[PDB]
Structure formats: C-alpha cells, structure tokens
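Heads up: the structure comes next, in structure tokens.
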Amino acid sequence: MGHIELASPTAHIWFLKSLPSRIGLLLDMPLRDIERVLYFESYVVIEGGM
Amino acid sequence: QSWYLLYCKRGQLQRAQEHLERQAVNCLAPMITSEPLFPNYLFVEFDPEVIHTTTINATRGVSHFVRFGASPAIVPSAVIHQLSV
DNA sequence: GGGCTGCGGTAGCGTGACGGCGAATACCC
DNA sequence: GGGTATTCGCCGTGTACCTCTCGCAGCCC
RNA sequence: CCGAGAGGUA
C-alpha cells in the first residue's frame with residue numbers, strides 16, 4: 001500500500017455519519033453543528049480561557 | 001454591490017471573465033509573472049438586485065459560487081483591498 | 001494535438017415504492 | 001425542563017444461468 | 001472480462 005499526506009486533516013465520514021455519530025456522542029455535540037464546523041461555515045472554540 | 005467568489009470551470013477563466021465583462025460585473029484575478037496566481041477562482045463584484053446570482057451562476061464559464069452553506073460567501077473588503085499587490 | 005472532467009447555462013433538471021426503526025426535533029406542558 | 005409525538009432519513013427488498021448492445025465529448029486550452 | 005441497459009429460461 002501507499003499513502004497520501006493530506007495537507008489538511010480530514011474527517012472520516014464513517015465515524016461522522018454512522019447514525020449515531022461517533023464523533024457526535026463522543027464530543028457531546030450535535031451532528032448538525034459538527035457538520036457546520038467541518039464544512040467551514042461556523043467556528044467552534046478550543047480553550048476559551050478567560 | 002458586495003464581493004463574491006466564483007469557482008470557474010477548469011481552463012475557462014478567460015471565457016468566464018469575457019462574458020462577465022460583457023455584463024456589468026467586476027472581475028478580479030491576480031496574474032503572476034502569464035497564468036493566474038490562483039487557480040480557477042475569480043472575484044466578482046455585483047449587487048443581487050441589479051444582476052441576480054442565478055444569472056451569475058448560469059454564465060458561460062462559471063461553475064459555482066463559493067457557498068459554504070445556503071447563501072454564497074461575502075468576502076470582506078479588506079481581502080479585496082489586499083489583493084492589490 | 002491534450003488533461004481532465006463532471007450539466008450546460010447567462011435555468012432547471014427532479015415528479016410511479018414501501019415498510020421499520022431509531023434519532024432529531026417540534027409542541028405543549 | 002422533559003414527555004409525548006411527529007418527521008426525517010437511513011436500512012432492506014430471491015437464486016442460478018443464457019443472449020444482445022454500449023461504455024466520454026468537450027475542448028478551450 | 002469490469003460496469004450499465006434490454007430481453008429470456010427455471
């Protein structure tokens with residue numbers, strides 16, 4: 001086998017949309033808002049801080 | 001009149017820009033030196049009441065809008081200013 | 001001659017399966 | 001706030017074999 | 001010798 005260095009990280013669609021979502025009920029975050037974060041129309045915060 | 005992005009068909013940016021120049025739509029694409037600096041992306045300026053986005057989408061040489069969702073993306077005027085290299 | 005590529009257009013095409021089940025969500029507390 | 005209850009959207013829909021045609025045009029780079 | 005479409009046998 002070979003591999004492709006994907007220059008951006010990329011979500012596996014099986015663990016995103018298997019019904020139920022594994023990333024969905026792993027993050028406690030709805031599948032719609034995860035698809036809105038992944039497809040570049042909304043942001044999600046990481047370590048909001050003060 | 002706010003700035004939109006258009007992904008053109010592959011290798012038809014000249015024809016897409018020609019038809020959008022026959023319409024009253026501003027085009028913007030940096031030429032590097034002569035091939036464009038970007039790929040098939042192109043920046044248009046219009047107003048959706050003057051010329052509608054469906055008429056822009058049905059232009060010879062325009063594949064689609066950069067959408068990200070329902071509505072096509074507004075790019076801010078600081079970006080369009082900072083393509084004046 | 002050629003790379004590549006998803007329609008060809010200054011829109012709209014789609015349109016005659018049906019059920020089960022589970023999550024997502026709406027309406028009403 | 002959570003309890004019904006509707007809607008959405010994914011699943012699935014027999015076996016084996018035989019024959020035939022037809023399978024990229026556009027194309028502006 | 002892979003896919004699709006049409007037809008047929010049981």
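Residues are named by chain letter and number: chains run A, B, ... in the order of the structure tokens, numbers start at 1 in each chain, and ligands are numbered from 1 in the order shown.
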
Given a cut-off of 12 Å, which residues of chain D touch chain B, counting only C-alpha atoms (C1' of nucleotides), written out as an NGL selection string? :D and (26-29)

Need to verify the contact set: residue B:55, 12 Å, only C-alpha atoms (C1' of nucleotides), exclusion of same-chain residues closer than 2 positions in sequence. Can you return it as JSON, numbers by chain? {"B": [19, 20, 23, 25, 46, 47, 48, 49, 50, 51, 52, 53, 57, 58, 59, 60, 62, 64, 65], "C": [9, 10, 11]}

Taking only C-alpha atoms (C1' of nucleotides) into account and nothing else, which residues of chain C lie no more than 12 Å away from chain B? Please answer as a ChimeraX atom specification. /C:3-12

Atoms to include: C-alpha atoms (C1' of nucleotides). Write the selected residues as an mmCIF file, in the first residue's frame.
```
data_model
loop_
_atom_site.group_PDB
_atom_site.id
_atom_site.type_symbol
_atom_site.label_atom_id
_atom_site.label_comp_id
_atom_site.auth_asym_id
_atom_site.auth_seq_id
_atom_site.Cartn_x
_atom_site.Cartn_y
_atom_site.Cartn_z
ATOM 1 C "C1'" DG C 3 -5.846 16.874 -19.231
ATOM 2 C "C1'" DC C 4 -9.257 16.156 -17.283
ATOM 3 C "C1'" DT C 5 -13.639 16.174 -16.056
ATOM 4 C "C1'" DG C 6 -18.346 16.288 -14.219
ATOM 5 C "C1'" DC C 7 -24.540 19.969 -16.908
ATOM 6 C "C1'" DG C 8 -24.616 23.411 -19.733
ATOM 7 C "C1'" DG C 9 -26.187 27.659 -18.857
ATOM 8 C "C1'" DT C 10 -26.457 33.917 -18.983
ATOM 9 C "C1'" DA C 11 -32.076 27.776 -15.753
ATOM 10 C "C1'" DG C 12 -33.686 23.790 -14.018
#
```

Could the residues of chain A that have an atom at most 8 Å from chain B be listed as a Markdown table, each with its closest atom pair and the distance in Å to one decimal, counting only C-alpha atoms and ordered by chain and ascending residue number?
```
| residue | atom | partner | partner_atom | distance |
| --- | --- | --- | --- | --- |
| A:39 | CA | B:68 | CA | 6.6 |
| A:40 | CA | B:68 | CA | 6.2 |
| A:41 | CA | B:68 | CA | 5.5 |
```

Based on only C-alpha atoms (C1' of nucleotides), which of the residues in chain A come within 10 Å of chain C? I want them as number ranges by chain. A: 19-20, 30-32

What would the file look like if the residues just selected were written as a JSON list (two decimals), in the first residue's frame with C-alpha atoms?
```json
[["chain", "number", "residue", "atom", "x", "y", "z"],
["A", 19, "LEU", "CA", -26.20, 7.06, 12.90],
["A", 20, "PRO", "CA", -25.42, 7.58, 15.66],
["A", 30, "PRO", "CA", -24.87, 17.61, 17.76],
["A", 31, "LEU", "CA", -24.28, 16.15, 14.32],
["A", 32, "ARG", "CA", -25.59, 19.28, 12.62]]
```

Could you name the residues that touch residue E:7 at 12 Å or less, counting only C-alpha atoms (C1' of nucleotides), but leaving out those on the same chain fewer than 3 positions away, as a PyMOL selection string? chain D and resi 18-21

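For chain B, the set of residues given alpha helix (DSSP H) by DSSP on the backbone reads residues 13, 14, 15, 16, 17, 18, 19, 20, 21, 22, 53, 54, 55, 56, 57, 77, 78, 79, 80 and 81 of chain B.
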